[PDB]
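Take a look at the structure set out below.
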Amino acid sequence: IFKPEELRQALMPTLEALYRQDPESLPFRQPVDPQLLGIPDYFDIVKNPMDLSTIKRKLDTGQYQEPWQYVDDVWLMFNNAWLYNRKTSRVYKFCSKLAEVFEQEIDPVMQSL
């Protein structure tokens, strides 16, 4: 069993590392709004949207009872972007950078937990 503030303190550095990627975090710091963007197909493909601001809010409000729930949401964000966007698009390339940063940092944190 995990205490909410302990889980947050262990995992927040991994989320901060994603936010600190400039420019690569910029498409991911806020939700995709398909109405603003004019892409009505987005929610036909992405059934469960996710972004850094939502992951941060969940981490800050005790919504992750186990560390794998946080890891699942990070990969959900990545997989949404890799499914919807062309491989050489800015969003896709930026997503791949964030995933590199995440994979290179998440192991020591998960094992310590």
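Residue numbering restarts at 1 in every chain; chains get A, B, ... in the order shown in the structure tokens, and ligands count up from 1 in that same order.
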Residues within 7 Å of region 90-92 of chain A, please, as a PyMOL selection string. Count only C-alpha atoms; anything in the same chain fewer than 6 positions from it doesn't count. chain A and resi 27+81-82
Create the file for the chosen residues now, containing N, CA, C and O atoms and written as a PDB file, in the first residue's frame.
ATOM      1  N   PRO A  27       3.460  20.326 -27.322  1.00  0.00           N
ATOM      2  CA  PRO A  27       2.156  19.798 -27.770  1.00  0.00           C
ATOM      3  C   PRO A  27       1.435  18.965 -26.720  1.00  0.00           C
ATOM      4  O   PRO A  27       0.262  18.634 -26.928  1.00  0.00           O
ATOM      5  N   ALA A  81      -0.660   9.790 -29.440  1.00  0.00           N
ATOM      6  CA  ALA A  81      -0.004  10.660 -30.407  1.00  0.00           C
ATOM      7  C   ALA A  81       0.605   9.849 -31.541  1.00  0.00           C
ATOM      8  O   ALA A  81       0.559  10.270 -32.708  1.00  0.00           O
ATOM      9  N   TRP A  82       1.153   8.674 -31.228  1.00  0.00           N
ATOM     10  CA  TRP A  82       1.748   7.838 -32.263  1.00  0.00           C
ATOM     11  C   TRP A  82       0.697   7.211 -33.158  1.00  0.00           C
ATOM     12  O   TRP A  82       1.012   6.834 -34.294  1.00  0.00           O
TER      13      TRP A  82
END
Residues near residue 10 (chain A), cut-off 8 Å, only C-alpha atoms, skip fewer than 3 positions along chain, as a VMD selection string: chain A and resid 6 to 7 13 109 113
Store the residues of this selection in a file with N, CA and C atoms, as a PDB file, in the first residue's frame.
ATOM      1  N   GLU A   6       3.777  10.142  -0.734  1.00  0.00           N
ATOM      2  CA  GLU A   6       5.004   9.414  -1.043  1.00  0.00           C
ATOM      3  C   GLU A   6       5.059   9.048  -2.519  1.00  0.00           C
ATOM      4  N   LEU A   7       3.944   8.564  -3.059  1.00  0.00           N
ATOM      5  CA  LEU A   7       3.878   8.257  -4.481  1.00  0.00           C
ATOM      6  C   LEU A   7       4.121   9.507  -5.313  1.00  0.00           C
ATOM      7  N   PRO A  13       9.357  13.826 -10.075  1.00  0.00           N
ATOM      8  CA  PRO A  13      10.560  14.135 -10.856  1.00  0.00           C
ATOM      9  C   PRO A  13      10.533  13.545 -12.249  1.00  0.00           C
ATOM     10  N   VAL A 109      13.186   4.539 -10.576  1.00  0.00           N
ATOM     11  CA  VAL A 109      12.096   4.986  -9.719  1.00  0.00           C
ATOM     12  C   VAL A 109      11.131   3.846  -9.423  1.00  0.00           C
ATOM     13  N   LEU A 113      10.364   1.862  -5.741  1.00  0.00           N
ATOM     14  CA  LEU A 113       9.014   1.743  -5.206  1.00  0.00           C
ATOM     15  C   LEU A 113       8.635   0.277  -5.039  1.00  0.00           C
TER      16      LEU A 113
END
From the options A:1, A:50, A:83, A:98, which residue's atoms come nearest to residue 16 (chain A), counting only C-alpha atoms?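 Smallest separation from residue 16 (chain A) among the options: A:98.
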Would you kindly return, as a list in words, each protein, DNA or RNA residue with an atom no farther than 7 Å from any atom of region 59-67 of chain A, considering only C-alpha atoms and excluding same-chain residues fewer than 3 positions away? residues 2, 4, 8, 55, 56, 70 and 71 of chain A
Looking at only C-alpha atoms, which of A:30, A:48, A:35, A:53 is the one that sits closest to residue 15 (chain A)? A:53
Determine which residues of chain A DSSP labels as helix (DSSP H, G or I) from the backbone of this structure, then write them out as JSON, numbers by chain. {"A": [4, 5, 6, 7, 8, 9, 10, 11, 12, 13, 14, 15, 16, 17, 18, 19, 26, 27, 28, 34, 35, 36, 37, 42, 43, 44, 45, 52, 53, 54, 55, 56, 57, 58, 59, 60, 67, 68, 69, 70, 71, 72, 73, 74, 75, 76, 77, 78, 79, 80, 81, 82, 83, 84, 90, 91, 92, 93, 94, 95, 96, 97, 98, 99, 100, 101, 102, 103, 104, 105, 106, 107, 108, 109, 110, 111, 112]}
Tell me, as a PyMOL selection string, which residues lie within 12 Å of residue 45 (chain A), counting only C-alpha atoms; anything in the same chain fewer than 4 positions away does not count. chain A and resi 34+39-41+49+79-85
Hey, which of A:12, A:57, A:78, A:51 ends up closest to residue 28 (chain A)? Count only C-alpha atoms. A:51
Between A:38, A:11, A:87, A:95, which is the closest to residue 75 (chain A) once you count only C-alpha atoms? A:95
I'd like the neighbourhood of residue 102 (chain A) as a PyMOL selection string, where a residue qualifies if any of its atoms comes within 8 Å (using only C-alpha atoms), though same-chain residues fewer than 5 positions away should be ignored. chain A and resi 14+17-18
Can you tell me how far CA of residue 26 (chain A) sits from CA of residue 5 (chain A), in Å to one decimal? 26.9 Å
Computed interatomic separation between CA of residue 104 (chain A) and CA of residue 47 (chain A) (Å):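 Computing it gives 27.7 Å between the two atoms.
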Take CA of residue 72 (chain A) and CA of residue 86 (chain A) and report the distance between them in Å, one decimal.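 Separation of CA of residue 72 (chain A) and CA of residue 86 (chain A): 22.6 Å.
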